[PDB]
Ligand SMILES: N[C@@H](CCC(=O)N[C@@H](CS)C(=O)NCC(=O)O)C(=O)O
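Before any questions on how it binds or moves, here is one chain, the form deposited without ligand GSH, in structure tokens.
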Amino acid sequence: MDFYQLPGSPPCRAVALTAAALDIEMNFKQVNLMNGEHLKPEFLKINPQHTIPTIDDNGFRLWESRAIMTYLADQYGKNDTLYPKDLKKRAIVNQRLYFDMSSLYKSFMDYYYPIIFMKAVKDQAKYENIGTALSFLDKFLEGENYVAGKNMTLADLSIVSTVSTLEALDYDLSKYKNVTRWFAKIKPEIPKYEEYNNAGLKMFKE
């Protein structure tokens, strides 16, 4: 399996953490210079034509991180708990994955992408949208050990890829007491969290 990725990208780290939690080896490919000038057409035809992350699983090309995550869980997961077969439990994981995309990651990108990439001036309205998303996450976690069920699921892995980036960027999570409790308890439970998520945060800590 080839894994086209950027180490700092939260969705890439979400997929990397999923592969680690499933004990899946992937051949990591770095898509840094894929937009640089003078790359051969033969090299361009191998590049993912859509978004990063993309996997190539024996010819099966798949983009969209959360679709990759549920594909890996079912195709390669030994047990149930990361993406339960039970339809009600699975539905809640799916629900939380849509929330992760449309609220949490969206708010992260809306605020930090203009700043980090374009060196733009902070948008206070977009900044508050992070807190709005985090307030929803905090409510999901009230009285819960995990974000979408009684065990760690794919939704924990996808959400942690963004929440850990927020903390790496000095966003204070303390007032989201359930988010803080969950984030502290989840990191030691995530296989190879340091290798496949924390290490890729370095660009943000800088």
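Sequential numbering from 1, following the sequence displayed.
Chemist: Take the C-alpha B-factors listed in the entry for 6-14 and for 194-202, compute each mean, and give the stretch with the larger one.
Modeler: So the stretch with the higher mean C-alpha B-factor is 194-202.
Chemist: Read off the CA B-factors in the entry, average them over 22-30 and over 43-51, and name the higher stretch.
Modeler: Comparing 22-30 with 43-51, the higher mean C-alpha B-factor belongs to 43-51.
Chemist: Kindly indicate the residue among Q124, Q95, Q75, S102 with the greatest C-alpha B-factor in the PDB record.
Modeler: That would be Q124, according to the entry.
Chemist: Can you tell me which of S161, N178, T153, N35 has the highest Cα temperature factor in the record?
Modeler: Of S161, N178, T153, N35, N35 has the highest C-alpha B-factor.
Chemist: Looking at the temperature factor on the CA atom of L166, which third of the chain's modelled residues does it land in?
Modeler: Middle third.
Chemist: With respect to C-alpha B-factor, does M109 fall in the lowest, middle or highest third of the chain as deposited?
Modeler: As the PDB entry reports it, the C-alpha B-factor of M109 lands in the middle third of its chain.
Chemist: Could you tell me which third, lowest, middle or highest, the C-alpha B-factor of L82 occupies within its chain?
Modeler: It belongs to the lowest third of the chain when residues are ordered by C-alpha B-factor.
Chemist: Tell me, lowest, middle or highest third: where does the Cα B factor of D172 rank within its chain?
Modeler: Highest third.
Chemist: Within this chain's modelled residues, let me know which third the CA B factor of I116 belongs to: lowest, middle or highest.
Modeler: Highest third.
Below, we turn to the form deposited with ligand GSH bound, even though it does not appear here.
Chemist: Given ligand GSH in the orientation seen in the entry with it bound, superposed onto this form through the C-alphas lining the site, is the binding site open or blocked (3 or more ligand atoms within 2.4 angstroms of backbone or C-beta atoms = blocked)?
Modeler: Open pocket: the modelled ligand, placed by site superposition, has no clash at the 2.4 Å cut-off.
Chemist: Could you tell me which one of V160, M26, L141, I52 places a heavy atom within 4.5 Å of ligand GSH in the entry with it bound?
Modeler: When ligand GSH is considered in the entry with it bound, the option within 4.5 Å is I52.
Chemist: Would you please decide whether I115 lies within 4.5 angstroms of ligand GSH in the entry with it bound, comparing each non-hydrogen atom pair?
Modeler: So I115 does not count as contacting ligand GSH.
Chemist: Is there a heavy atom of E64 no more than 4.5 Å from a heavy atom of ligand GSH in the entry with it bound?
Modeler: Flag for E64 set to yes.
Chemist: Although ligand GSH is absent from this view, report whether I92 comes within 4.5 Å of it in the entry with it bound, heavy atoms only.
Modeler: Because no heavy atom of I92 falls inside 4.5 Å of ligand GSH in the entry with it bound, the answer is no.
Chemist: Looking at the partner-bound form in the entry with it bound, is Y105 within 4.5 Å of ligand GSH by any heavy atom?
Modeler: Close contact exists here: in the entry with it bound, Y105 approaches ligand GSH to within 4.5 Å, heavy atoms only.
Chemist: Picking from 176-184, 147-155, 161-169, 30-38, which part of the chain touches ligand GSH in the entry with it bound when contact means heavy atoms within 4.5 Å?
Modeler: It is the stretch 30-38.
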